[PDB]
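What follows is input.cif (mmCIF, C-alpha atoms; chains and numbers go by the auth columns).
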data_upload
#
loop_
_atom_site.group_PDB
_atom_site.id
_atom_site.type_symbol
_atom_site.label_atom_id
_atom_site.label_comp_id
_atom_site.label_asym_id
_atom_site.label_seq_id
_atom_site.Cartn_x
_atom_site.Cartn_y
_atom_site.Cartn_z
_atom_site.B_iso_or_equiv
_atom_site.auth_seq_id
_atom_site.auth_asym_id
ATOM 1 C CA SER A 1 -129.979 160.911 113.736 0.00 34 A
ATOM 2 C CA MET A 2 -126.844 158.680 114.213 0.00 35 A
ATOM 3 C CA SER A 3 -126.875 159.779 117.887 0.00 36 A
ATOM 4 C CA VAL A 4 -130.716 159.373 118.063 0.00 37 A
ATOM 5 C CA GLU A 5 -130.402 155.690 116.948 0.00 38 A
ATOM 6 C CA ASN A 6 -127.405 155.204 119.366 0.00 39 A
ATOM 7 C CA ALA A 7 -129.516 156.716 122.197 0.00 40 A
ATOM 8 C CA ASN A 8 -132.395 154.296 121.416 0.00 41 A
ATOM 9 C CA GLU A 9 -129.933 151.380 121.731 0.00 42 A
ATOM 10 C CA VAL A 10 -128.655 152.760 125.075 0.00 43 A
ATOM 11 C CA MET A 11 -132.312 152.754 126.338 0.00 44 A
ATOM 12 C CA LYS A 12 -132.757 149.109 125.142 0.00 45 A
ATOM 13 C CA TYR A 13 -129.501 148.106 126.897 0.00 46 A
ATOM 14 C CA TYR A 14 -130.581 149.873 130.124 0.00 47 A
ATOM 15 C CA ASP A 15 -134.124 148.382 130.086 0.00 48 A
ATOM 16 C CA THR A 16 -132.664 144.831 129.506 0.00 49 A
ATOM 17 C CA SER A 17 -130.022 145.471 132.248 0.00 50 A
ATOM 18 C CA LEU A 18 -132.797 146.474 134.719 0.00 51 A
ATOM 19 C CA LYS A 19 -134.789 143.251 134.008 0.00 52 A
ATOM 20 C CA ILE A 20 -131.833 140.845 133.870 0.00 53 A
ATOM 21 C CA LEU A 21 -130.083 142.222 137.033 0.00 54 A
ATOM 22 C CA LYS A 22 -133.332 142.005 139.082 0.00 55 A
ATOM 23 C CA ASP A 23 -133.762 138.267 138.287 0.00 56 A
ATOM 24 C CA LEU A 24 -130.064 137.260 138.208 0.00 57 A
ATOM 25 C CA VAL A 25 -129.023 138.802 141.576 0.00 58 A
ATOM 26 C CA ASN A 26 -131.657 137.808 144.112 0.00 59 A
ATOM 27 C CA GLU A 27 -130.271 139.315 147.338 0.00 60 A
ATOM 28 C CA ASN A 28 -132.704 137.476 149.653 0.00 61 A
ATOM 29 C CA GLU A 29 -131.989 134.113 147.953 0.00 62 A
ATOM 30 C CA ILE A 30 -128.212 134.787 148.236 0.00 63 A
ATOM 31 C CA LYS A 31 -128.654 135.489 151.990 0.00 64 A
ATOM 32 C CA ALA A 32 -130.773 132.275 152.347 0.00 65 A
ATOM 33 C CA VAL A 33 -128.029 130.178 150.618 0.00 66 A
ATOM 34 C CA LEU A 34 -125.424 131.648 153.024 0.00 67 A
ATOM 35 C CA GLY A 35 -127.646 130.606 155.963 0.00 68 A
ATOM 36 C CA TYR A 36 -127.850 127.050 154.491 0.00 69 A
ATOM 37 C CA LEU A 37 -124.002 126.948 154.622 0.00 70 A
ATOM 38 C CA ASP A 38 -124.050 127.484 158.432 0.00 71 A
ATOM 39 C CA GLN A 39 -122.155 124.928 160.548 0.00 72 A
ATOM 40 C CA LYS A 40 -125.254 124.287 162.766 0.00 73 A
ATOM 41 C CA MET A 41 -127.669 123.538 159.890 0.00 74 A
ATOM 42 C CA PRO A 42 -128.920 119.895 160.128 0.00 75 A
ATOM 43 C CA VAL A 43 -127.374 118.117 157.113 0.00 76 A
ATOM 44 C CA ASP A 44 -130.753 116.469 156.138 0.00 77 A
ATOM 45 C CA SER A 45 -132.441 119.939 156.170 0.00 78 A
ATOM 46 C CA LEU A 46 -130.283 121.410 153.310 0.00 79 A
ATOM 47 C CA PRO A 47 -132.702 122.297 150.465 0.00 80 A
ATOM 48 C CA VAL A 48 -132.055 122.386 146.711 0.00 81 A
ATOM 49 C CA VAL A 49 -131.562 126.016 145.554 0.00 82 A
ATOM 50 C CA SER A 50 -131.524 126.250 141.742 0.00 83 A
ATOM 51 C CA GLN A 51 -129.569 128.903 139.823 0.00 84 A
ATOM 52 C CA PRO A 52 -131.966 131.489 138.277 0.00 85 A
ATOM 53 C CA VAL A 53 -132.025 131.107 134.449 0.00 86 A
ATOM 54 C CA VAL A 54 -132.750 134.387 132.650 0.00 87 A
ATOM 55 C CA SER A 55 -133.372 135.057 128.936 0.00 88 A
ATOM 56 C CA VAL A 56 -130.354 133.739 126.931 0.00 89 A
ATOM 57 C CA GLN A 57 -130.788 136.369 124.188 0.00 90 A
ATOM 58 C CA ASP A 58 -130.950 139.111 126.912 0.00 91 A
ATOM 59 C CA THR A 59 -127.661 137.645 128.319 0.00 92 A
ATOM 60 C CA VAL A 60 -126.039 137.856 124.838 0.00 93 A
ATOM 61 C CA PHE A 61 -127.304 141.444 124.395 0.00 94 A
ATOM 62 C CA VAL A 62 -125.914 142.777 127.705 0.00 95 A
ATOM 63 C CA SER A 63 -122.662 140.677 127.483 0.00 96 A
ATOM 64 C CA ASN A 64 -121.745 142.327 124.172 0.00 97 A
ATOM 65 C CA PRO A 65 -122.320 146.131 124.562 0.00 98 A
ATOM 66 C CA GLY A 66 -122.215 147.905 121.183 0.00 99 A
ATOM 67 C CA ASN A 67 -119.889 150.617 119.842 0.00 100 A
ATOM 68 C CA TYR A 68 -122.584 153.249 120.783 0.00 101 A
ATOM 69 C CA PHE A 69 -120.872 153.161 124.230 0.00 102 A
ATOM 70 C CA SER A 70 -117.377 154.644 124.518 0.00 103 A
ATOM 71 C CA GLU A 71 -114.581 152.030 124.315 0.00 104 A
ATOM 72 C CA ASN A 72 -113.970 152.557 128.079 0.00 105 A
ATOM 73 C CA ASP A 73 -117.682 152.119 129.064 0.00 106 A
ATOM 74 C CA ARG A 74 -117.998 149.155 126.635 0.00 107 A
ATOM 75 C CA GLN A 75 -114.980 147.393 128.272 0.00 108 A
ATOM 76 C CA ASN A 76 -116.173 148.093 131.850 0.00 109 A
ATOM 77 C CA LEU A 77 -119.730 146.812 131.059 0.00 110 A
ATOM 78 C CA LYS A 78 -118.383 143.682 129.281 0.00 111 A
ATOM 79 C CA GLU A 79 -115.937 142.927 132.166 0.00 112 A
ATOM 80 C CA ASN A 80 -118.491 143.417 134.995 0.00 113 A
ATOM 81 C CA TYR A 81 -121.172 141.287 133.245 0.00 114 A
ATOM 82 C CA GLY A 82 -118.617 138.539 132.424 0.00 115 A
ATOM 83 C CA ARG A 83 -117.518 138.411 136.084 0.00 116 A
ATOM 84 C CA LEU A 84 -121.160 138.577 137.265 0.00 117 A
ATOM 85 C CA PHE A 85 -122.251 135.586 135.056 0.00 118 A
ATOM 86 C CA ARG A 86 -119.198 133.507 136.167 0.00 119 A
ATOM 87 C CA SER A 87 -119.804 134.499 139.866 0.00 120 A
ATOM 88 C CA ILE A 88 -123.520 133.533 139.653 0.00 121 A
ATOM 89 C CA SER A 89 -122.549 130.134 138.249 0.00 122 A
ATOM 90 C CA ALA A 90 -119.908 129.582 140.958 0.00 123 A
ATOM 91 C CA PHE A 91 -122.230 130.719 143.803 0.00 124 A
ATOM 92 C CA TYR A 92 -125.042 128.267 142.949 0.00 125 A
ATOM 93 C CA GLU A 93 -122.772 125.415 141.768 0.00 126 A
ATOM 94 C CA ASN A 94 -120.658 125.675 145.008 0.00 127 A
ATOM 95 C CA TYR A 95 -123.865 125.357 147.093 0.00 128 A
ATOM 96 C CA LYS A 96 -124.991 122.309 145.023 0.00 129 A
ATOM 97 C CA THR A 97 -121.523 120.684 145.609 0.00 130 A
ATOM 98 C CA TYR A 98 -121.666 121.583 149.316 0.00 131 A
ATOM 99 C CA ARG A 99 -125.168 120.083 149.821 0.00 132 A
ATOM 100 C CA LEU A 100 -124.236 116.758 148.094 0.00 133 A
ATOM 101 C CA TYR A 101 -120.887 116.557 150.004 0.00 134 A
ATOM 102 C CA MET A 102 -122.651 117.147 153.383 0.00 135 A
ATOM 103 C CA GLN A 103 -125.581 114.738 152.690 0.00 136 A
ATOM 104 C CA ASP A 104 -123.404 111.838 151.407 0.00 137 A
ATOM 105 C CA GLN A 105 -121.120 112.240 154.529 0.00 138 A
ATOM 106 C CA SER A 106 -117.993 113.146 152.411 0.00 139 A
ATOM 107 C CA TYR A 107 -117.323 115.916 155.040 0.00 140 A
ATOM 108 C CA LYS A 108 -116.318 113.160 157.543 0.00 141 A
ATOM 109 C CA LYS A 109 -113.515 112.068 155.135 0.00 142 A
ATOM 110 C CA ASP A 110 -111.766 115.521 154.879 0.00 143 A
ATOM 111 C CA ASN A 111 -112.828 116.851 158.382 0.00 144 A
ATOM 112 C CA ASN A 112 -114.977 119.640 156.775 0.00 145 A
ATOM 113 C CA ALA A 113 -111.979 121.041 154.725 0.00 146 A
ATOM 114 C CA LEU A 114 -114.118 121.456 151.582 0.00 147 A
ATOM 115 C CA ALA A 115 -117.039 122.781 153.767 0.00 148 A
ATOM 116 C CA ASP A 116 -114.812 125.634 155.096 0.00 149 A
ATOM 117 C CA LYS A 117 -113.280 126.322 151.625 0.00 150 A
ATOM 118 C CA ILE A 118 -116.810 126.652 150.151 0.00 151 A
ATOM 119 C CA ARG A 119 -118.089 128.825 153.071 0.00 152 A
ATOM 120 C CA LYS A 120 -115.216 131.315 152.641 0.00 153 A
ATOM 121 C CA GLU A 121 -115.633 131.481 148.830 0.00 154 A
ATOM 122 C CA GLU A 122 -119.454 131.795 148.999 0.00 155 A
ATOM 123 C CA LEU A 123 -119.126 134.791 151.384 0.00 156 A
ATOM 124 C CA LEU A 124 -116.714 136.531 148.973 0.00 157 A
ATOM 125 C CA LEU A 125 -118.969 135.722 145.948 0.00 158 A
ATOM 126 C CA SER A 126 -122.090 137.069 147.734 0.00 159 A
ATOM 127 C CA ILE A 127 -120.400 140.493 148.267 0.00 160 A
ATOM 128 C CA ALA A 128 -119.049 140.497 144.648 0.00 161 A
ATOM 129 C CA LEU A 129 -122.520 139.701 143.124 0.00 162 A
ATOM 130 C CA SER A 130 -124.029 142.863 144.688 0.00 163 A
ATOM 131 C CA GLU A 131 -120.855 144.882 143.722 0.00 164 A
ATOM 132 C CA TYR A 132 -120.986 143.959 139.972 0.00 165 A
ATOM 133 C CA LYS A 133 -124.736 144.752 139.835 0.00 166 A
ATOM 134 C CA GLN A 134 -124.200 148.211 141.423 0.00 167 A
ATOM 135 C CA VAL A 135 -121.107 148.929 139.216 0.00 168 A
ATOM 136 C CA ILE A 136 -123.223 148.189 136.032 0.00 169 A
ATOM 137 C CA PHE A 137 -126.053 150.561 137.169 0.00 170 A
ATOM 138 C CA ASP A 138 -123.447 153.234 138.107 0.00 171 A
ATOM 139 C CA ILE A 139 -121.849 153.090 134.615 0.00 172 A
ATOM 140 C CA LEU A 140 -125.238 153.232 132.864 0.00 173 A
ATOM 141 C CA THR A 141 -127.351 155.838 134.723 0.00 174 A
ATOM 142 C CA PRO A 142 -125.196 158.934 133.525 0.00 175 A
ATOM 143 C CA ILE A 143 -125.129 157.514 129.904 0.00 176 A
ATOM 144 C CA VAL A 144 -128.940 156.918 130.158 0.00 177 A
ATOM 145 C CA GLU A 145 -129.371 160.619 131.140 0.00 178 A
ATOM 146 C CA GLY A 146 -127.228 161.470 128.077 0.00 179 A
ATOM 147 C CA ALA A 147 -129.525 159.267 125.909 0.00 180 A
ATOM 148 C CA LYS A 148 -132.646 160.998 127.317 0.00 181 A
ATOM 149 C CA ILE A 149 -131.064 164.386 126.281 0.00 182 A
ATOM 150 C CA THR A 150 -130.571 163.095 122.676 0.00 183 A
ATOM 151 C CA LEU A 151 -134.164 161.681 122.581 0.00 184 A
ATOM 152 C CA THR A 152 -135.979 164.808 123.962 0.00 185 A
ATOM 153 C CA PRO A 153 -136.916 167.123 121.001 0.00 186 A
#
Here is the file; what I need is its structure written in the form of structure tokens.
Amino acid sequence: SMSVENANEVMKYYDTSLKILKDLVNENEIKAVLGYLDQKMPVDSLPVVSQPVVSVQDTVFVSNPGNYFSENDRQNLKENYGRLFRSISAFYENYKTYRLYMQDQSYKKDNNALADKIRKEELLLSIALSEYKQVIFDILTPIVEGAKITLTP
């Protein structure tokens, strides 16, 4: 009864996680942004690539896992989502900065120092985005199986 209601909340959290992680971490878009950071890309060819904006209430829900999860699972989910939201922001904001700095010829003033700083950081962020997404699914799928046990009469 108290476990049945907790199990229903785990299913809601998993379903929201599935939807939000599909739209937030767009692997092919991430790869396309890395290609746009290439040294041989014509500066005037750099396109605008907007950050995906998912449901804000879904973001709040997954960012604050309830006490139905163990304190350890709750902390690991909260940490990985927090890092994932900050990393998403950095990845798309760094590309916006990069595009404006290349197109207004600011790169000539610092001999591409900011271009190389951004390229290195974007590569690290791209790996980390896929890592946080997989870590969240890996925490949840055994708990989800546990919730299915509680919900199968």
Near residue 100 in chain A, within 12 Å and counting all atoms listed in the file, which residues show up once chain neighbours fewer than 5 positions away are dropped, as number ranges by chain?
-> A: 36, 39-40, 42-43, 105-108, 110-111
Save the residues we just selected, C-alpha atoms, as a CSV table (one decimal), in the coordinates of the input?
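Done, and the output landed in selection.csv:
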chain,number,residue,atom,x,y,z
A,36,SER,CA,-126.9,159.8,117.9
A,39,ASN,CA,-127.4,155.2,119.4
A,40,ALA,CA,-129.5,156.7,122.2
A,42,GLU,CA,-129.9,151.4,121.7
A,43,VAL,CA,-128.7,152.8,125.1
A,105,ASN,CA,-114.0,152.6,128.1
A,106,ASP,CA,-117.7,152.1,129.1
A,107,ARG,CA,-118.0,149.2,126.6
A,108,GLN,CA,-115.0,147.4,128.3
A,110,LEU,CA,-119.7,146.8,131.1
A,111,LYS,CA,-118.4,143.7,129.3
Got a sec to resolve the PyMOL selection byres ((chain A and resi 133) around 12) on this structure and send the residues as a list in words?
-> residues 76, 77, 78, 79, 80, 81, 126, 127, 128, 129, 130, 131, 132, 134, 135, 136, 137, 138, 139, 140, 147 and 148 of chain A
May I have the protein, DNA and RNA residues with any atom at most 9 Å from the point (-121.2, 137.2, 137.5), counting all atoms listed in the file, written as a PyMOL selection string?
-> chain A and resi 57-58+113-123+158+161-162+165-166
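Taking CA of residue 170 in chain A and CA of residue 51 in chain A as the two end points, the separation is 8.3 Å.
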Identify which of the residues A:160, A:168, A:101, A:71 lies closest to residue 35 in chain A, counting all atoms listed in the file when measuring atom-to-atom distances.
-> A:101
Name the residues that the PyMOL selection byres ((chain A and resi 91) around 12) picks from the file above, as a ChimeraX atom specification, using the file's chain letters and numbers.
-> /A:45-54,56-57,86-90,92-98,114
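Distance annotation: of A:154, A:41, A:171, A:146, the residue with the minimal separation from residue 183 in chain A is A:41; atom set is all atoms listed in the file.
In terms of minimum interatomic distance to residue 169 in chain A, A:109 ranks closest within A:109, A:72, A:61, A:34, counting only C-alpha atoms.
Note that CA of residue 55 in chain A and CA of residue 38 in chain A are 26.2 Å apart.
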The distance between CA of residue 85 in chain A and CA of residue 155 in chain A is 16.5 Å
Exactly which residues make up the result of the PyMOL selection byres ((chain A and resi 66) around 9) on this file, given as a PyMOL selection string?
-> chain A and resi 61-65+67-70+82+124-125+128+155
